[PDB]
Amino acid sequence: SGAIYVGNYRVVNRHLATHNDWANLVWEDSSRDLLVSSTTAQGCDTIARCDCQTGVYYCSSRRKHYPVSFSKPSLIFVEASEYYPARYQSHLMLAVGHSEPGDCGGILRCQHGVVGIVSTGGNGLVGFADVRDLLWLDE
Ligand SMILES: NC(=O)[C@H]1CCC(=O)N(Cc2cccc3cc[nH]c23)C1
Ligand SMILES: [Zn+2]
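Residues numbered from 1 in each chain as written, not as in the entry; some residues may be left out. Chains lettered and ligands numbered in written order. Heavy atoms only, no water.

The record names X-ray crystallography as the way this model was obtained, at a resolution of 2.123 Å.

Within the protein, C50 (SG), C52 (SG), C110 (SG) and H112 (ND1) serve as the donor atoms for the zinc ion (ligand 2), at 2.0 to 2.5 Å. Every donor counted, the four donor atoms about the zinc ion (ligand 2) form angles of 100 to 119 degrees at the centre, which fits tetrahedral coordination. Ordering the donors of the zinc ion (ligand 2) by residue number gives the pattern C-x1-C-x57-C-x1-H. (Donors = N, O, S within 2.8 Å, 3.2 Å for Na, K, Ca; no water. Tetrahedral: all angles 85-135°; square planar, octahedral: opposite > 155°, others 65-115°.)

This brings us to the environment of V131. Take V131: it is sitting in the segment after β10 (125–130). Under the relative-accessibility criterion, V131 is labelled buried at 0%. Between the C-alpha atoms of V131 and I47, which are 84 residues apart in sequence, the distance is 7.6 Å. (Helix = DSSP H or I, 4+ residues; strand = E, 2+ residues; numbered from the N terminus. Buried < 20%, exposed > 50% of the residue type's maximum accessible area, 1.4 Å probe, protein only.)

A word on the side chain of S90. Residue position: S90 is located in strand β7 (residues 87–96). In this structure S90 touches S31, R32, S74 and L75, once residues within four positions along its chain are discounted. (Contact = heavy atoms within 4.5 Å.)

Residues in contact with ligand 1 amount to 16 residues; listed here are only the nearest, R87, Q89, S99, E100 and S119. The contact in question runs from a nitrogen atom of ligand 1 to an N or O atom on the side chain of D33, over 3.4 Å. Take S119: an N or O atom from its main chain is 3.0 Å from a nitrogen atom of ligand 1. Among the elements of the structure, β7 and β9 (113–122) are those that each provide at least two residues to the shell around ligand 1. (Near = heavy atom within 4 Å. Polar contact = N/O pair within 3.5 Å; in protein donor to acceptor, adjacent residues only side chain to side chain.)

Looking now at the sheet that holds strand β1 (residues 4–13). Taken in spatial order, the three strands line up as β1-β3-β2 in an open sheet, and their pairing is antiparallel. Strands at the two margins of the open sheet, each flanked by one partner only, are β1 and β2 (25–29). Each strand of the sheet is rotated relative to its neighbour by a mean of 35 degrees, with strand direction disregarded. Bridge count for β2 against strand β3 (residues 34–44) is four bridges, and the pairing is antiparallel. For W27, the partnering residue across the bridge sits in β3 and is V36. (Pairing = 2+ DSSP bridges. Axes fitted to C-alpha atoms, helices over the stretch in contact; angles between N-to-C directions.)

Further remarks concern the pattern of salt bridges. Oppositely charged side chains may form a pair once their charged atoms are brought near each other. Counted by the stated rule, this structure contains six salt bridges. Among the ionic pairs, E28 bridges to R14, the shortest N-O distance being 2.8 Å. Of this pair, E28 sits in strand β2 while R14 sits in the loop between β1 and α1 (19–23), placing them 14 residues apart in sequence. Residues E100 and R62 are paired through a salt bridge, measuring 3.6 Å at the closest nitrogen-oxygen approach. Taken together, the residues span a long stretch of sequence, with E100 in the loop between β7 and β8 (107–110) and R62 in the loop between β4 (54–59) and β5 (64–69) at a distance of 38 residues. With relative accessibility at 35%, the residue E100 sits in the partly exposed group. (Salt bridge = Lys/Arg side-chain N within 4 Å of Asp/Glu carboxyl O.)

Residues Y57, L108, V115 and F128 are the most contacted members of the largest nonpolar core, which totals 14 residues. Only β4, β7, β8, β9 and β10 provide two or more residues apiece to this core. Beyond its immediate chain neighbours, meaning those up to four positions away, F128 contacts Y57, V68, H91, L92, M93, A95, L108, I117, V118 and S119. Counting 12 residues, the second largest nonpolar core, distinct from the first, contains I4, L34, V114 and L134. (Core = buried A, V, L, I, M, F, W, Y, C linked by side-chain atoms within 4.5 Å.)

Next up, the structure:
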């Protein structure tokens, strides 16, 4: 589980979005596994605007934060799940680290702020949905 709160927006994994998220839909992309909904309260998270390839993510299946090296956003083949058939997910960053499905939503942070959220895993790998290119989150 996990969301990002910047301004009047809430960023969640599209596969974990609620009825409230869908009834206040701002933008969704199934190929990126992202969904953005609108909020009444004002969020304080800082979105990183950078090309950083090192950061720290939160892993709820271990209650720990882990430092990682991750790839630049790209089209990666992702195995079938109960939410999506086997497809290519775009804007995906891979890292060597522990991940379990319930870890989706855990934030990846660098020295400039929030980079993205946990979205894929398996085989000792962890994949993150990049949010740094969504400049409209600060406006
Ligand atoms: N973005 C996607 O396609 C998601 C859809 C829902 C989902 O459970 N997964 C599989 C998955 C995610 C995170 C961690 C692990 C570990 C094993 N399987 C994992 C992928
Ligand atoms: Zn950075």
